[PDB]
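Chemist: Following this line is coords22.cif, made up of mmCIF, C-alpha atoms and all ligand atoms; chains and numbers go by the auth columns:
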```
data_start
loop_
_atom_site.group_PDB
_atom_site.id
_atom_site.type_symbol
_atom_site.label_atom_id
_atom_site.label_comp_id
_atom_site.label_asym_id
_atom_site.label_seq_id
_atom_site.Cartn_x
_atom_site.Cartn_y
_atom_site.Cartn_z
_atom_site.B_iso_or_equiv
_atom_site.auth_seq_id
_atom_site.auth_asym_id
ATOM 1 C CA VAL A 1 -16.462 18.654 11.546 0.00 1 A
ATOM 2 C CA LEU A 2 -18.008 15.342 10.294 0.00 2 A
ATOM 3 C CA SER A 3 -21.330 15.858 8.587 0.00 3 A
ATOM 4 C CA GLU A 4 -24.395 14.174 9.905 0.00 4 A
ATOM 5 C CA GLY A 5 -24.249 12.032 6.710 0.00 5 A
ATOM 6 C CA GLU A 6 -20.665 10.951 7.428 0.00 6 A
ATOM 7 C CA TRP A 7 -21.666 10.116 11.000 0.00 7 A
ATOM 8 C CA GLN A 8 -24.485 7.962 9.528 0.00 8 A
ATOM 9 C CA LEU A 9 -21.928 5.971 7.526 0.00 9 A
ATOM 10 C CA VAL A 10 -19.755 5.538 10.622 0.00 10 A
ATOM 11 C CA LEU A 11 -22.380 4.319 12.992 0.00 11 A
ATOM 12 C CA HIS A 12 -24.123 2.124 10.497 0.00 12 A
ATOM 13 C CA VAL A 13 -20.898 0.093 10.149 0.00 13 A
ATOM 14 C CA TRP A 14 -20.329 0.121 13.983 0.00 14 A
ATOM 15 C CA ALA A 15 -23.710 -1.436 14.713 0.00 15 A
ATOM 16 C CA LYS A 16 -22.464 -4.430 12.708 0.00 16 A
ATOM 17 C CA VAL A 17 -19.238 -4.415 14.723 0.00 17 A
ATOM 18 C CA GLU A 18 -21.420 -4.671 17.776 0.00 18 A
ATOM 19 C CA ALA A 19 -22.796 -8.024 16.650 0.00 19 A
ATOM 20 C CA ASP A 20 -19.404 -9.603 17.328 0.00 20 A
ATOM 21 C CA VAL A 21 -17.319 -7.257 19.356 0.00 21 A
ATOM 22 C CA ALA A 22 -15.065 -9.931 20.802 0.00 22 A
ATOM 23 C CA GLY A 23 -14.226 -11.257 17.341 0.00 23 A
ATOM 24 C CA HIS A 24 -13.594 -7.755 15.962 0.00 24 A
ATOM 25 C CA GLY A 25 -11.506 -6.726 18.916 0.00 25 A
ATOM 26 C CA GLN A 26 -9.323 -9.806 18.737 0.00 26 A
ATOM 27 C CA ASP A 27 -8.585 -9.398 15.001 0.00 27 A
ATOM 28 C CA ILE A 28 -7.774 -5.704 15.525 0.00 28 A
ATOM 29 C CA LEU A 29 -5.329 -6.292 18.351 0.00 29 A
ATOM 30 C CA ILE A 30 -3.699 -9.143 16.427 0.00 30 A
ATOM 31 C CA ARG A 31 -3.248 -6.925 13.361 0.00 31 A
ATOM 32 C CA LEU A 32 -1.727 -4.179 15.525 0.00 32 A
ATOM 33 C CA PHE A 33 0.693 -6.625 17.162 0.00 33 A
ATOM 34 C CA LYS A 34 1.913 -8.166 13.986 0.00 34 A
ATOM 35 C CA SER A 35 2.138 -5.065 11.823 0.00 35 A
ATOM 36 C CA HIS A 36 3.862 -3.074 14.635 0.00 36 A
ATOM 37 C CA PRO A 37 5.560 -5.382 17.179 0.00 37 A
ATOM 38 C CA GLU A 38 6.710 -2.489 19.298 0.00 38 A
ATOM 39 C CA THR A 39 3.129 -1.883 20.493 0.00 39 A
ATOM 40 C CA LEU A 40 2.937 -5.326 22.031 0.00 40 A
ATOM 41 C CA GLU A 41 5.917 -4.396 24.284 0.00 41 A
ATOM 42 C CA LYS A 42 3.683 -1.745 25.830 0.00 42 A
ATOM 43 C CA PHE A 43 1.520 -4.563 27.171 0.00 43 A
ATOM 44 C CA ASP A 44 3.063 -6.360 30.124 0.00 44 A
ATOM 45 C CA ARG A 45 0.059 -8.662 30.083 0.00 45 A
ATOM 46 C CA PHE A 46 0.498 -9.734 26.490 0.00 46 A
ATOM 47 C CA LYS A 47 4.302 -9.515 26.065 0.00 47 A
ATOM 48 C CA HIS A 48 4.632 -13.278 26.302 0.00 48 A
ATOM 49 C CA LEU A 49 2.680 -14.067 23.114 0.00 49 A
ATOM 50 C CA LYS A 50 5.044 -14.787 20.224 0.00 50 A
ATOM 51 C CA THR A 51 2.917 -16.259 17.492 0.00 51 A
ATOM 52 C CA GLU A 52 -0.389 -15.475 15.871 0.00 52 A
ATOM 53 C CA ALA A 53 -1.731 -18.862 17.023 0.00 53 A
ATOM 54 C CA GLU A 54 -0.901 -18.080 20.666 0.00 54 A
ATOM 55 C CA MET A 55 -2.594 -14.677 20.292 0.00 55 A
ATOM 56 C CA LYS A 56 -5.730 -16.181 18.901 0.00 56 A
ATOM 57 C CA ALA A 57 -5.761 -18.671 21.763 0.00 57 A
ATOM 58 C CA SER A 58 -5.689 -16.116 24.573 0.00 58 A
ATOM 59 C CA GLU A 59 -8.990 -15.359 26.356 0.00 59 A
ATOM 60 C CA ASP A 60 -7.396 -12.405 28.158 0.00 60 A
ATOM 61 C CA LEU A 61 -6.413 -10.747 24.844 0.00 61 A
ATOM 62 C CA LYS A 62 -9.974 -11.245 23.650 0.00 62 A
ATOM 63 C CA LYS A 63 -11.219 -9.699 26.950 0.00 63 A
ATOM 64 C CA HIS A 64 -9.084 -6.633 26.375 0.00 64 A
ATOM 65 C CA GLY A 65 -10.248 -6.324 22.742 0.00 65 A
ATOM 66 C CA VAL A 66 -13.791 -6.070 24.104 0.00 66 A
ATOM 67 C CA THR A 67 -12.643 -3.321 26.510 0.00 67 A
ATOM 68 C CA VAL A 68 -11.151 -1.250 23.718 0.00 68 A
ATOM 69 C CA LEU A 69 -14.036 -1.458 21.224 0.00 69 A
ATOM 70 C CA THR A 70 -16.599 -0.759 23.903 0.00 70 A
ATOM 71 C CA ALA A 71 -14.725 2.368 24.942 0.00 71 A
ATOM 72 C CA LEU A 72 -14.373 3.430 21.265 0.00 72 A
ATOM 73 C CA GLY A 73 -17.994 2.744 20.680 0.00 73 A
ATOM 74 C CA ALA A 74 -19.069 5.023 23.531 0.00 74 A
ATOM 75 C CA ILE A 75 -17.017 7.756 21.929 0.00 75 A
ATOM 76 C CA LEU A 76 -18.294 7.313 18.396 0.00 76 A
ATOM 77 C CA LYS A 77 -21.917 7.374 19.474 0.00 77 A
ATOM 78 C CA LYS A 78 -21.376 10.854 20.926 0.00 78 A
ATOM 79 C CA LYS A 79 -20.687 12.126 17.454 0.00 79 A
ATOM 80 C CA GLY A 80 -17.929 14.500 18.394 0.00 80 A
ATOM 81 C CA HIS A 81 -19.366 15.532 21.800 0.00 81 A
ATOM 82 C CA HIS A 82 -17.035 13.187 23.629 0.00 82 A
ATOM 83 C CA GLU A 83 -15.133 15.430 26.049 0.00 83 A
ATOM 84 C CA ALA A 84 -16.015 13.353 29.146 0.00 84 A
ATOM 85 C CA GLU A 85 -15.257 9.902 27.744 0.00 85 A
ATOM 86 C CA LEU A 86 -12.080 10.973 26.072 0.00 86 A
ATOM 87 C CA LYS A 87 -10.512 12.894 28.947 0.00 87 A
ATOM 88 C CA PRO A 88 -9.853 9.860 31.207 0.00 88 A
ATOM 89 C CA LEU A 89 -8.560 7.777 28.307 0.00 89 A
ATOM 90 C CA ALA A 90 -6.010 10.502 27.358 0.00 90 A
ATOM 91 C CA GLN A 91 -4.930 10.813 30.954 0.00 91 A
ATOM 92 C CA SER A 92 -4.379 7.098 31.455 0.00 92 A
ATOM 93 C CA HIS A 93 -2.681 6.547 28.131 0.00 93 A
ATOM 94 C CA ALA A 94 -0.506 9.565 28.668 0.00 94 A
ATOM 95 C CA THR A 95 0.607 9.335 32.236 0.00 95 A
ATOM 96 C CA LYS A 96 0.155 5.659 33.043 0.00 96 A
ATOM 97 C CA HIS A 97 0.475 3.573 29.930 0.00 97 A
ATOM 98 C CA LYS A 98 2.809 5.958 28.118 0.00 98 A
ATOM 99 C CA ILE A 99 1.354 5.390 24.613 0.00 99 A
ATOM 100 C CA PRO A 100 2.812 7.606 21.822 0.00 100 A
ATOM 101 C CA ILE A 101 0.181 9.326 19.661 0.00 101 A
ATOM 102 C CA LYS A 102 1.763 7.471 16.636 0.00 102 A
ATOM 103 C CA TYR A 103 0.578 4.138 18.115 0.00 103 A
ATOM 104 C CA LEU A 104 -2.919 5.561 18.147 0.00 104 A
ATOM 105 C CA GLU A 105 -2.466 6.023 14.413 0.00 105 A
ATOM 106 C CA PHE A 106 -1.395 2.379 14.059 0.00 106 A
ATOM 107 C CA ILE A 107 -4.468 1.025 15.859 0.00 107 A
ATOM 108 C CA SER A 108 -6.590 3.329 13.675 0.00 108 A
ATOM 109 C CA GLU A 109 -5.167 1.657 10.584 0.00 109 A
ATOM 110 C CA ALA A 110 -5.794 -1.716 12.187 0.00 110 A
ATOM 111 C CA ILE A 111 -9.475 -0.907 12.784 0.00 111 A
ATOM 112 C CA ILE A 112 -10.000 0.126 9.184 0.00 112 A
ATOM 113 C CA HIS A 113 -8.293 -2.875 7.794 0.00 113 A
ATOM 114 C CA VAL A 114 -10.394 -5.266 9.857 0.00 114 A
ATOM 115 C CA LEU A 115 -13.615 -3.402 9.049 0.00 115 A
ATOM 116 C CA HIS A 116 -12.876 -3.831 5.418 0.00 116 A
ATOM 117 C CA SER A 117 -12.201 -7.542 5.795 0.00 117 A
ATOM 118 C CA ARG A 118 -15.334 -8.270 7.673 0.00 118 A
ATOM 119 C CA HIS A 119 -17.707 -5.935 5.967 0.00 119 A
ATOM 120 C CA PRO A 120 -16.934 -5.288 2.263 0.00 120 A
ATOM 121 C CA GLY A 121 -20.323 -4.629 0.632 0.00 121 A
ATOM 122 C CA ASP A 122 -20.967 -2.563 3.550 0.00 122 A
ATOM 123 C CA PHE A 123 -17.700 -0.659 3.950 0.00 123 A
ATOM 124 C CA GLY A 124 -17.276 1.085 0.584 0.00 124 A
ATOM 125 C CA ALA A 125 -14.797 4.031 -0.121 0.00 125 A
ATOM 126 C CA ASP A 126 -17.290 6.518 1.306 0.00 126 A
ATOM 127 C CA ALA A 127 -17.684 4.650 4.613 0.00 127 A
ATOM 128 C CA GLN A 128 -13.954 4.212 4.649 0.00 128 A
ATOM 129 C CA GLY A 129 -13.495 7.978 4.327 0.00 129 A
ATOM 130 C CA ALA A 130 -16.019 8.809 7.087 0.00 130 A
ATOM 131 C CA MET A 131 -14.391 6.289 9.490 0.00 131 A
ATOM 132 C CA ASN A 132 -10.954 7.687 8.894 0.00 132 A
ATOM 133 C CA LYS A 133 -12.229 11.235 9.607 0.00 133 A
ATOM 134 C CA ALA A 134 -13.837 9.988 12.830 0.00 134 A
ATOM 135 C CA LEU A 135 -10.608 8.296 13.894 0.00 135 A
ATOM 136 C CA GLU A 136 -8.627 11.424 13.014 0.00 136 A
ATOM 137 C CA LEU A 137 -10.973 13.472 15.228 0.00 137 A
ATOM 138 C CA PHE A 138 -10.437 10.912 17.994 0.00 138 A
ATOM 139 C CA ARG A 139 -6.628 11.192 17.610 0.00 139 A
ATOM 140 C CA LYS A 140 -6.806 14.985 17.309 0.00 140 A
ATOM 141 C CA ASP A 141 -8.586 15.536 20.634 0.00 141 A
ATOM 142 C CA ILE A 142 -6.416 13.085 22.608 0.00 142 A
ATOM 143 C CA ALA A 143 -3.313 14.791 21.140 0.00 143 A
ATOM 144 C CA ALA A 144 -4.527 18.085 22.511 0.00 144 A
ATOM 145 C CA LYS A 145 -4.909 16.622 25.949 0.00 145 A
ATOM 146 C CA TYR A 146 -1.435 15.083 25.678 0.00 146 A
ATOM 147 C CA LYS A 147 0.133 18.419 24.813 0.00 147 A
ATOM 148 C CA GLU A 148 -1.551 19.963 27.810 0.00 148 A
ATOM 149 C CA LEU A 149 -0.033 17.214 29.999 0.00 149 A
ATOM 150 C CA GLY A 150 3.510 17.441 28.490 0.00 150 A
ATOM 151 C CA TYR A 151 3.478 14.227 26.418 0.00 151 A
ATOM 152 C CA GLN A 152 2.517 15.452 22.868 0.00 152 A
ATOM 153 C CA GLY A 153 2.748 12.011 21.176 0.00 153 A
HETATM 154 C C1 LIG B . -8.808 3.031 20.125 0.00 1 B
HETATM 155 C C2 LIG B . -7.656 2.843 20.883 0.00 1 B
HETATM 156 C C3 LIG B . -7.659 2.592 22.251 0.00 1 B
HETATM 157 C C4 LIG B . -8.734 2.581 23.177 0.00 1 B
HETATM 158 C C5 LIG B . -10.205 2.939 23.000 0.00 1 B
HETATM 159 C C6 LIG B . -8.212 2.121 24.368 0.00 1 B
HETATM 160 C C7 LIG B . -8.949 1.915 25.517 0.00 1 B
HETATM 161 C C8 LIG B . -8.454 1.404 26.702 0.00 1 B
HETATM 162 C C9 LIG B . -9.197 1.185 27.880 0.00 1 B
HETATM 163 C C10 LIG B . -10.657 1.514 28.084 0.00 1 B
HETATM 164 C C11 LIG B . -8.317 0.659 28.831 0.00 1 B
HETATM 165 C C12 LIG B . -8.611 0.343 30.282 0.00 1 B
HETATM 166 C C13 LIG B . -8.722 1.572 31.204 0.00 1 B
HETATM 167 C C14 LIG B . -7.453 2.446 31.083 0.00 1 B
HETATM 168 O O1 LIG B . -6.249 1.964 31.278 0.00 1 B
HETATM 169 O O2 LIG B . -7.540 3.664 31.142 0.00 1 B
HETATM 170 C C15 LIG B . -7.062 0.535 28.204 0.00 1 B
HETATM 171 C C16 LIG B . -5.928 0.024 28.811 0.00 1 B
HETATM 172 C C17 LIG B . -4.680 -0.090 28.230 0.00 1 B
HETATM 173 N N1 LIG B . -4.349 0.340 26.973 0.00 1 B
HETATM 174 FE FE1 LIG B . -5.634 1.284 25.627 0.00 1 B
HETATM 175 N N2 LIG B . -6.862 1.897 24.219 0.00 1 B
HETATM 176 C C18 LIG B . -6.528 2.203 22.928 0.00 1 B
HETATM 177 C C19 LIG B . -5.287 2.087 22.329 0.00 1 B
HETATM 178 C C20 LIG B . -4.139 1.621 22.931 0.00 1 B
HETATM 179 C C21 LIG B . -2.913 1.403 22.286 0.00 1 B
HETATM 180 C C22 LIG B . -2.658 1.713 20.810 0.00 1 B
HETATM 181 C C23 LIG B . -2.052 0.831 23.267 0.00 1 B
HETATM 182 C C24 LIG B . -0.745 0.353 23.135 0.00 1 B
HETATM 183 C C25 LIG B . -0.042 0.366 21.906 0.00 1 B
HETATM 184 C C26 LIG B . -2.777 0.783 24.457 0.00 1 B
HETATM 185 C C27 LIG B . -2.284 0.267 25.640 0.00 1 B
HETATM 186 C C28 LIG B . -3.014 0.048 26.783 0.00 1 B
HETATM 187 C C29 LIG B . -2.507 -0.568 27.927 0.00 1 B
HETATM 188 C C30 LIG B . -1.059 -0.988 28.131 0.00 1 B
HETATM 189 C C31 LIG B . -3.564 -0.708 28.816 0.00 1 B
HETATM 190 C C32 LIG B . -3.510 -1.468 30.128 0.00 1 B
HETATM 191 C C33 LIG B . -3.638 -2.979 29.910 0.00 1 B
HETATM 192 C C34 LIG B . -3.525 -3.722 31.231 0.00 1 B
HETATM 193 O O3 LIG B . -2.412 -3.938 31.723 0.00 1 B
HETATM 194 O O4 LIG B . -4.582 -3.910 31.974 0.00 1 B
HETATM 195 N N3 LIG B . -4.058 1.223 24.229 0.00 1 B
HETATM 196 N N4 LIG B . -7.155 1.020 26.919 0.00 1 B
#
```
What do you get writing this file as structure tokens?
Modeler:
Amino acid sequence: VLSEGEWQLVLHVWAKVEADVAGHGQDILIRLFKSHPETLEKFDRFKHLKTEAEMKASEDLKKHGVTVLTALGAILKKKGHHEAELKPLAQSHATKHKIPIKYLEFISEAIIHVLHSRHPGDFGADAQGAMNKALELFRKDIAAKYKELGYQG
């Protein structure tokens, strides 16, 4: 599992994320969209945005970035005991949104990139390693629920 010390590192950086969720969530989604364009085509509500300027301009994209980080935050503060929060997310993303497990890896890279940008002195190699373990645990449990449903990535 993650140690209690690695969970400390994770949540100490997330409390800073919580001081500007809407800004963090918008940067993360933008980074996902540009680095991996195919993920934007999964969003009927965002599929119209072509440039980074248009993305930055959209209130609705910002609204959805808040939705995602709030849901991720609820999960991370359970420190691994997240069965009830994670189960509905896997179900929706499996059966309704149809999101390949690989795209959950892409958004995980996006989160880490943005956390490094916004919090250097605060997001050293050790905190980077803890956060990547926590995201791999996230991915690992959703993947298990996907397999059960017939979608395995
Ligand atoms: C940490 C990663 C993610 C979290 C925490 C997350 C969370 C959520 C939440 C809470 C919702 C709204 C309720 C729901 O539909 O069940 C949602 C909706 C949605 N998510 Fe995710 N999501 C994540 C990653 C992704 C990725 C990587 C994609 C696509 C590449 C994706 C696509 C969607 C879509 C298409 C919706 C519906 C948007 C709309 O039309 O209203 N999600 N997500």
Chemist: Please identify all polymer residues within 10 Å of range 13-17 of chain A, counting only C-alpha atoms, omitting same-chain residues fewer than 2 positions from it, and present them as a PDB file with C-alpha atoms, keeping the file's coordinate frame.
Modeler:
```pdb
ATOM      1  CA  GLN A   8     -24.485   7.962   9.528  1.00  0.00           C
ATOM      2  CA  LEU A   9     -21.928   5.971   7.526  1.00  0.00           C
ATOM      3  CA  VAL A  10     -19.755   5.538  10.622  1.00  0.00           C
ATOM      4  CA  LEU A  11     -22.380   4.319  12.992  1.00  0.00           C
ATOM      5  CA  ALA A  19     -22.796  -8.024  16.650  1.00  0.00           C
ATOM      6  CA  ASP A  20     -19.404  -9.603  17.328  1.00  0.00           C
ATOM      7  CA  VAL A  21     -17.319  -7.257  19.356  1.00  0.00           C
ATOM      8  CA  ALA A  22     -15.065  -9.931  20.802  1.00  0.00           C
ATOM      9  CA  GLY A  23     -14.226 -11.257  17.341  1.00  0.00           C
ATOM     10  CA  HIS A  24     -13.594  -7.755  15.962  1.00  0.00           C
ATOM     11  CA  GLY A  25     -11.506  -6.726  18.916  1.00  0.00           C
ATOM     12  CA  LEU A  69     -14.036  -1.458  21.224  1.00  0.00           C
ATOM     13  CA  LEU A  72     -14.373   3.430  21.265  1.00  0.00           C
ATOM     14  CA  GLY A  73     -17.994   2.744  20.680  1.00  0.00           C
ATOM     15  CA  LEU A  76     -18.294   7.313  18.396  1.00  0.00           C
ATOM     16  CA  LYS A  77     -21.917   7.374  19.474  1.00  0.00           C
ATOM     17  CA  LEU A 115     -13.615  -3.402   9.049  1.00  0.00           C
ATOM     18  CA  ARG A 118     -15.334  -8.270   7.673  1.00  0.00           C
ATOM     19  CA  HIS A 119     -17.707  -5.935   5.967  1.00  0.00           C
ATOM     20  CA  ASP A 122     -20.967  -2.563   3.550  1.00  0.00           C
ATOM     21  CA  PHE A 123     -17.700  -0.659   3.950  1.00  0.00           C
ATOM     22  CA  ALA A 127     -17.684   4.650   4.613  1.00  0.00           C
ATOM     23  CA  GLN A 128     -13.954   4.212   4.649  1.00  0.00           C
ATOM     24  CA  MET A 131     -14.391   6.289   9.490  1.00  0.00           C
TER      25      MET A 131
END
```
Chemist: Return as a PyMOL selection string every polymer residue, whether protein, DNA or RNA, with at least one atom no more than 9 Å from an atom of ligand LIG 1 (chain B); count all atoms listed in the file.
Modeler: chain A and resi 29+32-33+36+38-46+64-65+67-73+75+86+88-93+96-108+111+135+138-139
Chemist: Given the selection you just returned, output its residues as a file containing C-alpha atoms, formatted as a compact mmCIF listing (two decimals), keeping the file's coordinate frame.
Modeler:
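Generated output (again-v6.txt):
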```txt
# COMPACT_ATOMS: atom_id res chain seq x y z
CA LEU A 29 -5.33 -6.29 18.35
CA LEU A 32 -1.73 -4.18 15.52
CA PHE A 33 0.69 -6.62 17.16
CA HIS A 36 3.86 -3.07 14.64
CA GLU A 38 6.71 -2.49 19.30
CA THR A 39 3.13 -1.88 20.49
CA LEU A 40 2.94 -5.33 22.03
CA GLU A 41 5.92 -4.40 24.28
CA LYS A 42 3.68 -1.74 25.83
CA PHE A 43 1.52 -4.56 27.17
CA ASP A 44 3.06 -6.36 30.12
CA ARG A 45 0.06 -8.66 30.08
CA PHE A 46 0.50 -9.73 26.49
CA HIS A 64 -9.08 -6.63 26.38
CA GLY A 65 -10.25 -6.32 22.74
CA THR A 67 -12.64 -3.32 26.51
CA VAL A 68 -11.15 -1.25 23.72
CA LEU A 69 -14.04 -1.46 21.22
CA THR A 70 -16.60 -0.76 23.90
CA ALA A 71 -14.72 2.37 24.94
CA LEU A 72 -14.37 3.43 21.26
CA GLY A 73 -17.99 2.74 20.68
CA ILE A 75 -17.02 7.76 21.93
CA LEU A 86 -12.08 10.97 26.07
CA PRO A 88 -9.85 9.86 31.21
CA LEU A 89 -8.56 7.78 28.31
CA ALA A 90 -6.01 10.50 27.36
CA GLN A 91 -4.93 10.81 30.95
CA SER A 92 -4.38 7.10 31.46
CA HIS A 93 -2.68 6.55 28.13
CA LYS A 96 0.16 5.66 33.04
CA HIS A 97 0.48 3.57 29.93
CA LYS A 98 2.81 5.96 28.12
CA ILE A 99 1.35 5.39 24.61
CA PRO A 100 2.81 7.61 21.82
CA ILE A 101 0.18 9.33 19.66
CA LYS A 102 1.76 7.47 16.64
CA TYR A 103 0.58 4.14 18.11
CA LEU A 104 -2.92 5.56 18.15
CA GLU A 105 -2.47 6.02 14.41
CA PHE A 106 -1.40 2.38 14.06
CA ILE A 107 -4.47 1.02 15.86
CA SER A 108 -6.59 3.33 13.68
CA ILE A 111 -9.48 -0.91 12.78
CA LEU A 135 -10.61 8.30 13.89
CA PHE A 138 -10.44 10.91 17.99
CA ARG A 139 -6.63 11.19 17.61
```
Chemist: A:55, A:110, A:142, A:149: which is nearest residue 31 in chain A, counting all atoms listed in the file?
Modeler: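 Of A:55, A:110, A:142, A:149, the one nearest residue 31 in chain A, counting all atoms listed in the file, is A:110.
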Chemist: CA of residue 62 in chain A and CA of residue 132 in chain A are how many Å apart?
Modeler: 24.0 Å
Chemist: Hey, can you check how far CA of residue 5 in chain A sits from CA of residue 113 in chain A?
Modeler: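 Separation of CA of residue 5 in chain A and CA of residue 113 in chain A: 21.9 Å.
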Chemist: For a test of reading the model, state the distance in Å between CA of residue 66 in chain A and CA of residue 152 in chain A, rounded to one decimal.
Modeler: 27.0 Å
Chemist: Nearest residue to residue 59 in chain A out of A:78, A:124, A:26, A:83, using only C-alpha atoms?
Modeler: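 Selected residue with least distance to residue 59 in chain A: A:26.
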Chemist: May I ask which of the residues A:12, A:27, A:85, A:18 is the closest one to residue 114 in chain A, counting only C-alpha atoms?
Modeler: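 Ranking A:12, A:27, A:85, A:18 by distance to residue 114 in chain A, first place goes to A:27.
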Chemist: With all atoms listed in the file as the basis for distance, which of A:34, A:81, A:133, A:150 is at the shortest distance from residue 53 in chain A?
Modeler: A:34
Chemist: Which of these residues is nearest to residue 109 in chain A, using all atoms listed in the file: A:48, A:82, A:136, A:56?
Modeler: A:136
Chemist: Box in all listed atoms of range 68-75 of chain A, axis-aligned, with 5 Å more on each side; write out centre and edge lengths in Å to one decimal as lines of an AutoDock Vina configuration file.
Modeler:
```
center_x = -15.1
center_y = 3.1
center_z = 22.8
size_x = 17.9
size_y = 19.2
size_z = 14.3
```
